[PDB]
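Enquirer: Okay, handing you the structure first.
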Amino acid sequence: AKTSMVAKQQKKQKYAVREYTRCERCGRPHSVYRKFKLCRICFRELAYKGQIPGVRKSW
Amino acid sequence: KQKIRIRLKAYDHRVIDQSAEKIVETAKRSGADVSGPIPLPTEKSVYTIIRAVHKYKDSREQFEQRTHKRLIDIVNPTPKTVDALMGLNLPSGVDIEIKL
Amino acid sequence: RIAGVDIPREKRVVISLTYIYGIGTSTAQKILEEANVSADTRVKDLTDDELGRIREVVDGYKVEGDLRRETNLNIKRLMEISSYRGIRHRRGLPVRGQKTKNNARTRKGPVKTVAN
Amino acid sequence: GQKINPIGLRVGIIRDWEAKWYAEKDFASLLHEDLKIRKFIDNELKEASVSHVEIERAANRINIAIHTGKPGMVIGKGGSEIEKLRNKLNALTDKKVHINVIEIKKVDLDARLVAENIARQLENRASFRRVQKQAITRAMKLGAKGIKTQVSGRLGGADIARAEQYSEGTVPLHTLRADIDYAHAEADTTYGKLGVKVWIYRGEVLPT
Amino acid sequence: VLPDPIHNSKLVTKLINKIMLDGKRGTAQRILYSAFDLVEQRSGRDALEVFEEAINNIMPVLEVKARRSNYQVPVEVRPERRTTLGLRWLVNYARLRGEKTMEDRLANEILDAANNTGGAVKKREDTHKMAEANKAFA
Amino acid sequence: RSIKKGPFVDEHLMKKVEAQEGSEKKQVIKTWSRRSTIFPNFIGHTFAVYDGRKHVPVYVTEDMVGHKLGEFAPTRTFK
Amino acid sequence: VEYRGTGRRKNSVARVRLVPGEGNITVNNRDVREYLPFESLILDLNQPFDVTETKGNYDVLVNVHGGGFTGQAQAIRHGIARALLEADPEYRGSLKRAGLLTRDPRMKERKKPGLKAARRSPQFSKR
RNA sequence: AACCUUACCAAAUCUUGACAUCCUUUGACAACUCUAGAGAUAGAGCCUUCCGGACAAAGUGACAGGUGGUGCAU
RNA sequence: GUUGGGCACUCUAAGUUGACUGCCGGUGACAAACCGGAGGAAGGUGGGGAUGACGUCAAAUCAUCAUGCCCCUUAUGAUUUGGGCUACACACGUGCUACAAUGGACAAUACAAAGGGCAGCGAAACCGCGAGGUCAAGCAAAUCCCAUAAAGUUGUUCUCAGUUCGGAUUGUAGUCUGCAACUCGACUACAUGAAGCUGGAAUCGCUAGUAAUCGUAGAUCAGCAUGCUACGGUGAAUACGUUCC
Ligand SMILES: [Mg+2]
Ligand SMILES: [Mg+2]
Ligand SMILES: [Mg+2]
Ligand SMILES: [Zn+2]
């Protein structure tokens, strides 16, 4: 029931506490970094492709 | 004393150094009374992921995001150097911030 | 005897009061502030007048019998009306939102191993 | 044995972020912008042989730069098509965007272009084997020090999968100097989804 | 490594680093120094002298290696493992000499060993007993 | 409640109890609101609380004051 | 006059200025045995002197920051020993033979993912 | 994992649908109040205004939708 | 060090030097290489990471996503409220707290690192025993806050006890968050004070600033961490050696 809930979180909700983050391109709630509003997977995808500034795999 | 102070934030040292050198030479070319380039502690964040799709939390991939910070002051300004600084809107991946 | 129990004698007054059901360390320290005796002292060596001041003080508190009765009365109230908490009391299960799957050996009691 | 993307390994060492902008705070909007641009170029990308786009941003402007080998199909003849792009693209973004078509000659030396080609071939139902063969052939005629190619999935309409790869030359992944251009693509074949990976290594140079 | 400040000896520091729990060198230091003070109190003479005599007593000269059933075959103990085992047994059998304070425990242990008594000497003679018993297998 | 600024109760329930002030004695009152506290204004009014699958009746007493309807609408049917 | 040193050991930096005197040693405007508890620390501090018979010919003042007393003191030791060369370059050979000039690189290691520490893995069980 | 998340269960509800592309009526839009409902929800309003693209609804059948199965087709 | 002053020192961070068996001797097929030595901050891939060959396990994932075929489509789709994912005769795994004098309680006092911060970090003053509350400074950072590090040290006490150990459980009263903490948050004060005196057969980790132990920080996050990721402080024992698993 993904894309429904995508619409649902992208809507406002009757009170602010119900508001939750999911990644904007993949409707995935968990492992979201709210700076990027990306999940861990898509973070890897894009930072490997070079599409996310700053980022460089470390040590 | 009567000083301009400019902050450069960049994700890359080998470009922020040259941008700094540009603006510094422009100030001590179109004026005088310039401070040096001043490194600042260079923040770095780090986001840690599990290399997987479903489980295997034991494996990780650690990504750093550096943020180099480089400060310069122009002592005792003149409008020539003011103009030749504000008339340099370069480069792209560096946030300059003037303070007066 | 103070609250009906002749508390230990070699000890200091604070800790020897801690062996009263209803009197912990906070109240021990407050009571000794009230009736002026240094806690470094010891019940055997006290002046009996100081000990009497202490007992006058202590009388103004809910202690051994009253305390048990009050607690079990509060409990049995909710056991009777059969709240969630009252039923978990009735059944010897934990009350405070704990997990009853792997833990809870206290309220349950010892292991009763069933065969798989 | 579950090996990484070399561009992800090399970013910040010999090749630079395709996105070349700063924001202390507002990645929460600007990165999604970058991605939506990357997606909206489906228009061009469906035929125009676009390898990659770099992006830069300023206070006033966006400055984007799209690399290809058939640039006429994106600039029309005089500018009709780039203007067509500015209209809708700037309508999406709501910010003044200036673009820059840029040419990469030698189109059969570029990873994503090879991958696109072999994908469309395999959708036209050619043979994985001949495809990879002739790709590496023409690349080595163009004079690359190494090519590697791989296709994986239901080859020949087979009931189950395979992974077939070819190489000629040197593909030193663990060398970090090496600027090996990797590309992945897919092919929605009538039986399933063939996944193509391609690798070129066209001599050694540094960004500094 | 180094010798110790008060007494200038290697063994004392090597023993501190074996009494030490979780890197509490100063705690170990305190209790060993108070033990030397207390063994100067009782049995008045030098703490190093009585200590060195103690380890001369308990520090063994043989050992066994278990190999093959299972033979346990004797062997000549290395001179570093000598002091190693001496100090180890000293500390451990002190810890199980069972009284209030470890300084008292240690004081009594060095005392008994100085007089060729104590659990450490018992372990020594157990070791040599089983060694010579198994001497056939050398 | 956990704090002291004001207890809690659903308006759609309190409005209806106050409606039922007259005490006709035929009345019950349904609710899904297990979150509600029990003021002294509820004494005698039988409530029909939704347990998750069923509206269960409960009679209210002077001991149920600082308590909640969910405390008396069981949910997990263990035996 | 002065003879100076910059000792560093285990995220602890110490700026030493040897001067001739009695034997006093101040450390962040405090005396040694005020500042440091132990005494083998102080042995290690004074050991560079002991190599060269220079025990009382110098006072010390140090400005220090970082870490904790033990490595902080080994850093004092190192800066002292290096300043002693600025005062007397021929003691280099004795400090060499004794191994006093080596800045210990023994830094704390990086915790690694999948492990509960730099080396320690969790408790494993097949079953 | 308080609600949402939540995919499950009970009750209550909807059936071009919570979401997208199209035709046309259109239209700028509504916000924000009150009654009832457990809430979704309807119901009175409040007067919203073509800036031919755009927001907003509405009829429409194409259509959507599926955290449904196969990880032994990928 | 705050302010007038100096940027010497530390530090910060860009460029550079540096270490390469580079040199000395011996060994060795003279070769590679080994052993030792000098110098040097460091010596023998310096230490630690990142990087994981062809392929095996028809290993995992169709619930990140994408997708072939199959199936539901007035329902296997969609909306709200409430419940449940937190059950409980039991078994297994991973960890936390302890079973105390190398300690507990109280008092004074000392030295860190790596990190976060805008409608968020919330100093000070004040009220509250404490959770925290009122006002309100500074702060988009090497400025200000988070943020007093704790173990340690110095004293005093308790003096071997199921204890002044341990802090589970339960009772009452409260604080913060939130649309609301019964199911089902954390926290505090008081009261109570369980099991537990170092663990059977078995078995795990670790070769050095490691193990061990003490604190700290952060992502997720309104709120909730004994978990995860990361940081520093103190700091070992041993390696005979390859007969066995
Ligand atoms: Mg729900
Ligand atoms: Mg390698
Ligand atoms: Mg399988
Ligand atoms: Zn995502």
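Ligands are numbered from 1 in the order shown, chains are lettered A, B, ... in the order of the structure tokens, and residues start at 1 in each chain.
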Can you pull out every residue with an atom within 9 Å of ligand 3? Use only C-alpha atoms (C1' of nucleotides) and all ligand atoms and format it as a PDB file with N, CA and C atoms (P, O5', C5', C4', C3', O3' and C1' of nucleotides), in the first residue's frame.

Expert:
```
ATOM      1  P     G H  71      10.349 -18.817  -4.288  1.00  0.00           P
ATOM      2  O5'   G H  71      11.635 -18.169  -4.954  1.00  0.00           O
ATOM      3  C5'   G H  71      11.834 -16.765  -4.936  1.00  0.00           C
ATOM      4  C4'   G H  71      13.243 -16.386  -5.297  1.00  0.00           C
ATOM      5  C3'   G H  71      14.287 -16.653  -4.217  1.00  0.00           C
ATOM      6  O3'   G H  71      15.537 -16.960  -4.834  1.00  0.00           O
ATOM      7  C1'   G H  71      14.327 -14.403  -4.766  1.00  0.00           C
ATOM      8  P     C H  72      16.185 -18.423  -4.744  1.00  0.00           P
ATOM      9  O5'   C H  72      15.397 -19.251  -5.841  1.00  0.00           O
ATOM     10  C5'   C H  72      15.601 -18.963  -7.212  1.00  0.00           C
ATOM     11  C4'   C H  72      14.582 -19.613  -8.114  1.00  0.00           C
ATOM     12  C3'   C H  72      13.158 -19.670  -7.569  1.00  0.00           C
ATOM     13  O3'   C H  72      12.221 -19.496  -8.627  1.00  0.00           O
ATOM     14  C1'   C H  72      13.856 -21.819  -8.145  1.00  0.00           C
TER      15        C H  72
ATOM     16  P     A I  58      22.791 -24.664  -2.802  1.00  0.00           P
ATOM     17  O5'   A I  58      22.867 -23.736  -4.088  1.00  0.00           O
ATOM     18  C5'   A I  58      21.941 -23.894  -5.148  1.00  0.00           C
ATOM     19  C4'   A I  58      21.462 -22.569  -5.677  1.00  0.00           C
ATOM     20  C3'   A I  58      20.303 -21.963  -4.910  1.00  0.00           C
ATOM     21  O3'   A I  58      20.391 -20.547  -4.918  1.00  0.00           O
ATOM     22  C1'   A I  58      19.638 -22.372  -7.127  1.00  0.00           C
ATOM     23  P     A I  59      19.952 -19.750  -3.607  1.00  0.00           P
ATOM     24  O5'   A I  59      21.156 -20.016  -2.601  1.00  0.00           O
ATOM     25  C5'   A I  59      21.022 -20.855  -1.465  1.00  0.00           C
ATOM     26  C4'   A I  59      21.250 -20.078  -0.206  1.00  0.00           C
ATOM     27  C3'   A I  59      20.402 -18.826  -0.071  1.00  0.00           C
ATOM     28  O3'   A I  59      19.121 -19.085   0.477  1.00  0.00           O
ATOM     29  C1'   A I  59      22.656 -18.279   0.276  1.00  0.00           C
ATOM     30  P     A I  60      17.811 -18.408  -0.153  1.00  0.00           P
ATOM     31  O5'   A I  60      17.931 -16.902   0.313  1.00  0.00           O
ATOM     32  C5'   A I  60      18.147 -16.611   1.676  1.00  0.00           C
ATOM     33  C4'   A I  60      18.233 -15.133   1.939  1.00  0.00           C
ATOM     34  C3'   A I  60      17.282 -14.263   1.152  1.00  0.00           C
ATOM     35  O3'   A I  60      15.988 -14.254   1.715  1.00  0.00           O
ATOM     36  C1'   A I  60      19.442 -13.311   1.143  1.00  0.00           C
TER      37        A I  60
END
```

Enquirer: Step by step, measure atom-to-atom distances between ligand 4 and each residue using only C-alpha atoms (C1' of nucleotides) and all ligand atoms, keep those at most 10 Å, then write them as an MDAnalysis selection string.

Expert: (chainID A and resid 22:33 36:45) or (chainID I and resid 64:65)

Enquirer: Just to be explicit: take each residue in the selection above, keep N, CA and C atoms (P, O5', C5', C4', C3', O3' and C1' of nucleotides), and write the result as a PDB file, in the first residue's frame.

Expert:
```pdb
ATOM      1  N   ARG A  22       9.729  10.031   5.004  1.00  0.00           N
ATOM      2  CA  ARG A  22      10.230   8.945   4.192  1.00  0.00           C
ATOM      3  C   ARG A  22      10.968   9.548   3.012  1.00  0.00           C
ATOM      4  N   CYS A  23      11.863   8.757   2.426  1.00  0.00           N
ATOM      5  CA  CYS A  23      12.620   9.224   1.283  1.00  0.00           C
ATOM      6  C   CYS A  23      11.680   9.572   0.142  1.00  0.00           C
ATOM      7  N   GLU A  24      12.025  10.640  -0.560  1.00  0.00           N
ATOM      8  CA  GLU A  24      11.121  11.266  -1.502  1.00  0.00           C
ATOM      9  C   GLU A  24      11.033  10.542  -2.832  1.00  0.00           C
ATOM     10  N   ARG A  25      12.094   9.844  -3.236  1.00  0.00           N
ATOM     11  CA  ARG A  25      12.109   9.104  -4.490  1.00  0.00           C
ATOM     12  C   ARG A  25      11.695   7.656  -4.298  1.00  0.00           C
ATOM     13  N   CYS A  26      12.150   7.027  -3.222  1.00  0.00           N
ATOM     14  CA  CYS A  26      11.649   5.736  -2.781  1.00  0.00           C
ATOM     15  C   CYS A  26      10.837   5.926  -1.513  1.00  0.00           C
ATOM     16  N   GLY A  27       9.589   5.495  -1.539  1.00  0.00           N
ATOM     17  CA  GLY A  27       8.762   5.696  -0.378  1.00  0.00           C
ATOM     18  C   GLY A  27       9.114   4.764   0.754  1.00  0.00           C
ATOM     19  N   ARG A  28      10.247   5.017   1.407  1.00  0.00           N
ATOM     20  CA  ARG A  28      10.774   4.138   2.443  1.00  0.00           C
ATOM     21  C   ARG A  28      10.909   4.889   3.758  1.00  0.00           C
ATOM     22  N   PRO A  29      10.197   4.510   4.822  1.00  0.00           N
ATOM     23  CA  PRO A  29      10.293   5.299   6.057  1.00  0.00           C
ATOM     24  C   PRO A  29      11.620   5.198   6.776  1.00  0.00           C
ATOM     25  N   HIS A  30      12.167   4.001   6.909  1.00  0.00           N
ATOM     26  CA  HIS A  30      13.286   3.775   7.800  1.00  0.00           C
ATOM     27  C   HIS A  30      14.602   4.236   7.187  1.00  0.00           C
ATOM     28  N   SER A  31      15.590   4.404   8.063  1.00  0.00           N
ATOM     29  CA  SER A  31      16.961   4.747   7.682  1.00  0.00           C
ATOM     30  C   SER A  31      17.002   5.988   6.807  1.00  0.00           C
ATOM     31  N   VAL A  32      16.154   6.941   7.116  1.00  0.00           N
ATOM     32  CA  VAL A  32      16.123   8.220   6.429  1.00  0.00           C
ATOM     33  C   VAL A  32      17.015   9.196   7.171  1.00  0.00           C
ATOM     34  N   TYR A  33      17.801   9.946   6.413  1.00  0.00           N
ATOM     35  CA  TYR A  33      18.596  11.045   6.936  1.00  0.00           C
ATOM     36  C   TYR A  33      17.880  12.329   6.557  1.00  0.00           C
ATOM     37  N   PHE A  36      19.286  15.049   3.948  1.00  0.00           N
ATOM     38  CA  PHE A  36      19.092  14.714   2.551  1.00  0.00           C
ATOM     39  C   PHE A  36      17.658  14.332   2.224  1.00  0.00           C
ATOM     40  N   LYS A  37      16.862  13.976   3.228  1.00  0.00           N
ATOM     41  CA  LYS A  37      15.579  13.312   3.026  1.00  0.00           C
ATOM     42  C   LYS A  37      15.729  12.139   2.068  1.00  0.00           C
ATOM     43  N   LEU A  38      16.796  11.382   2.280  1.00  0.00           N
ATOM     44  CA  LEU A  38      17.129  10.193   1.521  1.00  0.00           C
ATOM     45  C   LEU A  38      17.268   9.010   2.459  1.00  0.00           C
ATOM     46  N   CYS A  39      16.888   7.838   1.970  1.00  0.00           N
ATOM     47  CA  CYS A  39      17.185   6.632   2.710  1.00  0.00           C
ATOM     48  C   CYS A  39      18.621   6.207   2.444  1.00  0.00           C
ATOM     49  N   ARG A  40      19.038   5.181   3.172  1.00  0.00           N
ATOM     50  CA  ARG A  40      20.425   4.744   3.148  1.00  0.00           C
ATOM     51  C   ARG A  40      20.800   4.173   1.786  1.00  0.00           C
ATOM     52  N   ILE A  41      19.868   3.461   1.163  1.00  0.00           N
ATOM     53  CA  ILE A  41      20.112   2.870  -0.147  1.00  0.00           C
ATOM     54  C   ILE A  41      20.348   3.960  -1.175  1.00  0.00           C
ATOM     55  N   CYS A  42      19.359   4.828  -1.340  1.00  0.00           N
ATOM     56  CA  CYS A  42      19.438   5.850  -2.364  1.00  0.00           C
ATOM     57  C   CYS A  42      20.574   6.819  -2.095  1.00  0.00           C
ATOM     58  N   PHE A  43      20.887   7.055  -0.822  1.00  0.00           N
ATOM     59  CA  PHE A  43      22.106   7.764  -0.468  1.00  0.00           C
ATOM     60  C   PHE A  43      23.320   7.112  -1.100  1.00  0.00           C
ATOM     61  N   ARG A  44      23.447   5.791  -0.961  1.00  0.00           N
ATOM     62  CA  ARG A  44      24.584   5.114  -1.574  1.00  0.00           C
ATOM     63  C   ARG A  44      24.567   5.275  -3.078  1.00  0.00           C
ATOM     64  N   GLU A  45      23.402   5.060  -3.685  1.00  0.00           N
ATOM     65  CA  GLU A  45      23.266   5.122  -5.136  1.00  0.00           C
ATOM     66  C   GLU A  45      23.796   6.441  -5.660  1.00  0.00           C
TER      67      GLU A  45
ATOM     68  P     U I  64      12.833  -5.027   0.153  1.00  0.00           P
ATOM     69  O5'   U I  64      12.928  -3.487  -0.210  1.00  0.00           O
ATOM     70  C5'   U I  64      12.364  -2.524   0.658  1.00  0.00           C
ATOM     71  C4'   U I  64      12.578  -1.119   0.173  1.00  0.00           C
ATOM     72  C3'   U I  64      12.078  -0.778  -1.209  1.00  0.00           C
ATOM     73  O3'   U I  64      10.671  -0.678  -1.314  1.00  0.00           O
ATOM     74  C1'   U I  64      14.185   0.188  -0.898  1.00  0.00           C
ATOM     75  P     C I  65       9.912  -1.453  -2.501  1.00  0.00           P
ATOM     76  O5'   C I  65      10.403  -0.722  -3.820  1.00  0.00           O
ATOM     77  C5'   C I  65      10.401   0.689  -3.912  1.00  0.00           C
ATOM     78  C4'   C I  65      11.321   1.179  -5.008  1.00  0.00           C
ATOM     79  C3'   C I  65      11.022   0.633  -6.388  1.00  0.00           C
ATOM     80  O3'   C I  65      10.006   1.367  -7.035  1.00  0.00           O
ATOM     81  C1'   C I  65      13.306   0.348  -5.936  1.00  0.00           C
TER      82        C I  65
END
```

Enquirer: Fewer than 6 positions away in the same chain doesn't count, so skip those; otherwise give me all residues within 10 Å of region 122-135 of chain I, counting only C-alpha atoms (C1' of nucleotides), as a PyMOL selection string.

Expert: chain I and resi 144-146+174-176+187-189

Enquirer: Please dump the current selection as a PDB file, in the first residue's frame; keep N, CA and C atoms (P, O5', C5', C4', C3', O3' and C1' of nucleotides).

Expert:
```
ATOM      1  P     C I 144      33.174  31.840  23.882  1.00  0.00           P
ATOM      2  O5'   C I 144      31.609  31.629  24.065  1.00  0.00           O
ATOM      3  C5'   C I 144      30.736  32.743  24.112  1.00  0.00           C
ATOM      4  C4'   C I 144      29.281  32.341  24.131  1.00  0.00           C
ATOM      5  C3'   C I 144      28.962  30.944  24.632  1.00  0.00           C
ATOM      6  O3'   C I 144      28.951  30.843  26.043  1.00  0.00           O
ATOM      7  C1'   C I 144      27.834  31.303  22.612  1.00  0.00           C
ATOM      8  P     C I 145      29.317  29.450  26.750  1.00  0.00           P
ATOM      9  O5'   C I 145      28.045  28.540  26.473  1.00  0.00           O
ATOM     10  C5'   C I 145      26.757  28.974  26.869  1.00  0.00           C
ATOM     11  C4'   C I 145      25.669  28.088  26.319  1.00  0.00           C
ATOM     12  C3'   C I 145      25.821  26.603  26.580  1.00  0.00           C
ATOM     13  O3'   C I 145      25.450  26.222  27.888  1.00  0.00           O
ATOM     14  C1'   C I 145      25.268  26.921  24.329  1.00  0.00           C
ATOM     15  P     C I 146      26.109  24.923  28.553  1.00  0.00           P
ATOM     16  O5'   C I 146      25.625  23.732  27.614  1.00  0.00           O
ATOM     17  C5'   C I 146      24.248  23.406  27.512  1.00  0.00           C
ATOM     18  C4'   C I 146      23.997  22.309  26.512  1.00  0.00           C
ATOM     19  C3'   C I 146      24.633  20.969  26.823  1.00  0.00           C
ATOM     20  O3'   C I 146      23.910  20.228  27.787  1.00  0.00           O
ATOM     21  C1'   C I 146      25.017  21.505  24.565  1.00  0.00           C
ATOM     22  P     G I 174      -0.433  14.618  43.086  1.00  0.00           P
ATOM     23  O5'   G I 174       0.974  15.281  42.774  1.00  0.00           O
ATOM     24  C5'   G I 174       1.413  15.447  41.441  1.00  0.00           C
ATOM     25  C4'   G I 174       2.893  15.684  41.394  1.00  0.00           C
ATOM     26  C3'   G I 174       3.452  16.104  40.050  1.00  0.00           C
ATOM     27  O3'   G I 174       3.285  17.487  39.809  1.00  0.00           O
ATOM     28  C1'   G I 174       4.767  14.366  40.937  1.00  0.00           C
ATOM     29  P     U I 175       2.950  18.018  38.336  1.00  0.00           P
ATOM     30  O5'   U I 175       4.318  17.805  37.567  1.00  0.00           O
ATOM     31  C5'   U I 175       5.480  18.437  38.061  1.00  0.00           C
ATOM     32  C4'   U I 175       6.649  18.300  37.131  1.00  0.00           C
ATOM     33  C3'   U I 175       6.357  18.364  35.645  1.00  0.00           C
ATOM     34  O3'   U I 175       6.156  19.679  35.165  1.00  0.00           O
ATOM     35  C1'   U I 175       7.792  16.566  36.067  1.00  0.00           C
ATOM     36  P     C I 176       5.435  19.910  33.751  1.00  0.00           P
ATOM     37  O5'   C I 176       6.389  19.168  32.713  1.00  0.00           O
ATOM     38  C5'   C I 176       7.637  19.738  32.354  1.00  0.00           C
ATOM     39  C4'   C I 176       8.273  19.040  31.181  1.00  0.00           C
ATOM     40  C3'   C I 176       7.403  18.864  29.952  1.00  0.00           C
ATOM     41  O3'   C I 176       7.336  20.035  29.163  1.00  0.00           O
ATOM     42  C1'   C I 176       8.503  16.836  30.420  1.00  0.00           C
ATOM     43  P     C I 187      13.926   5.720  32.669  1.00  0.00           P
ATOM     44  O5'   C I 187      13.762   7.127  33.384  1.00  0.00           O
ATOM     45  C5'   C I 187      14.592   8.208  33.001  1.00  0.00           C
ATOM     46  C4'   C I 187      14.215   9.489  33.696  1.00  0.00           C
ATOM     47  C3'   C I 187      14.101   9.423  35.202  1.00  0.00           C
ATOM     48  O3'   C I 187      15.348   9.367  35.865  1.00  0.00           O
ATOM     49  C1'   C I 187      12.282  10.625  34.351  1.00  0.00           C
ATOM     50  P     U I 188      15.469   8.602  37.272  1.00  0.00           P
ATOM     51  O5'   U I 188      14.823   9.625  38.296  1.00  0.00           O
ATOM     52  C5'   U I 188      15.255  10.970  38.304  1.00  0.00           C
ATOM     53  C4'   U I 188      14.332  11.863  39.086  1.00  0.00           C
ATOM     54  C3'   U I 188      14.135  11.490  40.533  1.00  0.00           C
ATOM     55  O3'   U I 188      15.242  11.838  41.340  1.00  0.00           O
ATOM     56  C1'   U I 188      12.063  12.089  39.575  1.00  0.00           C
ATOM     57  P     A I 189      15.670  10.887  42.556  1.00  0.00           P
ATOM     58  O5'   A I 189      14.550  11.185  43.633  1.00  0.00           O
ATOM     59  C5'   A I 189      14.333  12.518  44.041  1.00  0.00           C
ATOM     60  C4'   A I 189      13.252  12.629  45.080  1.00  0.00           C
ATOM     61  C3'   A I 189      13.146  11.470  46.038  1.00  0.00           C
ATOM     62  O3'   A I 189      14.131  11.500  47.050  1.00  0.00           O
ATOM     63  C1'   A I 189      11.003  12.022  45.273  1.00  0.00           C
TER      64        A I 189
END
```

Enquirer: Check every residue of chain E for an atom within 9 Å of chain I, counting only C-alpha atoms (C1' of nucleotides), and provide those that qualify as an NGL selection string.

Expert: :E and (17-28 or 31 or 67-68 or 77-78 or 81 or 99-102)

Enquirer: So which bits of chain B end up helix (DSSP H, G or I) when you DSSP the backbone, as an NGL selection string?

Expert: :B and (13-27 or 79-86)

Enquirer: Might you pull out every residue within 9 Å of region 6-17 of chain A, with only C-alpha atoms (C1' of nucleotides) counted and same-chain residues fewer than 6 positions away left off, and present them as a ChimeraX atom specification?

Expert: /A:24,27-28 /H:3-4,18-19 /I:178-179,222

Enquirer: Filtering to C-alpha atoms (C1' of nucleotides), could you give me those residues as a PDB file, in the first residue's frame?

Expert:
```pdb
ATOM      1  CA  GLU A  24      11.121  11.266  -1.502  1.00  0.00           C
ATOM      2  CA  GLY A  27       8.762   5.696  -0.378  1.00  0.00           C
ATOM      3  CA  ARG A  28      10.774   4.138   2.443  1.00  0.00           C
TER       4      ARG A  28
ATOM      5  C1'   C H   3      -1.807   7.512  17.509  1.00  0.00           C
ATOM      6  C1'   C H   4       0.447   7.844  12.414  1.00  0.00           C
ATOM      7  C1'   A H  18      -5.923   7.956  -1.489  1.00  0.00           C
ATOM      8  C1'   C H  19      -2.369   8.794  -6.463  1.00  0.00           C
TER       9        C H  19
ATOM     10  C1'   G I 178       2.778  15.334  22.942  1.00  0.00           C
ATOM     11  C1'   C I 179      -4.367  15.665  20.636  1.00  0.00           C
ATOM     12  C1'   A I 222       8.187  15.699  19.494  1.00  0.00           C
TER      13        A I 222
END
```

Enquirer: Show me which bits of chain F are within 9 Å of chain I, counting only C-alpha atoms (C1' of nucleotides), as a list in words.

Expert: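 Result: residues 1, 2, 3, 4, 8, 32, 33, 34, 35, 36, 50, 51, 52, 53, 67, 68, 69, 70, 71, 72, 73, 74, 75, 76, 77 and 78 of chain F.
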
Enquirer: Have a look at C1' of residue 9 (chain H) and CA of residue 108 (chain C) and let me know their distance in Å, one decimal.

Expert: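 Rounded to one decimal, the two atoms are 29.5 Å apart.
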
Enquirer: Could you list the protein, DNA and RNA residues that have any atom within 9 Å of ligand 2, counting only C-alpha atoms (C1' of nucleotides) and all ligand atoms, and write them as a ChimeraX atom specification?

Expert: /D:174-175 /I:51

Enquirer: Would you put the residues from that selection into a file with N, CA and C atoms (P, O5', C5', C4', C3', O3' and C1' of nucleotides), as a PDB file, in the first residue's frame?

Expert:
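Below is the file selection17.pdb, written as the result:
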```
ATOM      1  N   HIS D 174      41.546  -1.655  -8.364  1.00  0.00           N
ATOM      2  CA  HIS D 174      42.126  -1.320  -7.079  1.00  0.00           C
ATOM      3  C   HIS D 174      43.120  -0.182  -7.166  1.00  0.00           C
ATOM      4  N   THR D 175      43.690   0.054  -8.337  1.00  0.00           N
ATOM      5  CA  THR D 175      44.372   1.310  -8.581  1.00  0.00           C
ATOM      6  C   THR D 175      43.373   2.444  -8.466  1.00  0.00           C
TER       7      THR D 175
ATOM      8  P     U I  51      35.620  -0.711   1.491  1.00  0.00           P
ATOM      9  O5'   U I  51      36.667  -1.042   0.349  1.00  0.00           O
ATOM     10  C5'   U I  51      36.595  -0.320  -0.861  1.00  0.00           C
ATOM     11  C4'   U I  51      37.678  -0.692  -1.833  1.00  0.00           C
ATOM     12  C3'   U I  51      37.722  -2.142  -2.253  1.00  0.00           C
ATOM     13  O3'   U I  51      36.779  -2.443  -3.257  1.00  0.00           O
ATOM     14  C1'   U I  51      39.899  -1.385  -1.757  1.00  0.00           C
TER      15        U I  51
END
```

Enquirer: Could you tell me which residues of chain I sit within 7 Å of chain C when counting only C-alpha atoms (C1' of nucleotides), and give me the result as a list in words?

Expert: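 Within 7 Å of chain C on chain I, we get residues 86, 88, 89, 90, 164, 171, 184 and 191 of chain I.
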
Enquirer: Any idea what's packed within 8 Å of region 67-75 of chain B, counting only C-alpha atoms (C1' of nucleotides), ignoring anything in its chain fewer than 2 positions away? Could you give it as a VMD selection string?

Expert: (chain A and resid 54) or (chain B and resid 1 to 13 16 20 24 27 32 to 44 65 77)

Enquirer: For chain D, which residues have at least one atom within 9 Å of chain A, if we go by only C-alpha atoms? Write them as a count of residues only, please.

Expert: 28

Enquirer: Ranking H:21, H:31, H:39, H:65 by minimum distance to ligand 1 and counting only C-alpha atoms (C1' of nucleotides) and all ligand atoms, which one comes first?

Expert: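 Of all the options, H:39 lies closest to ligand 1.
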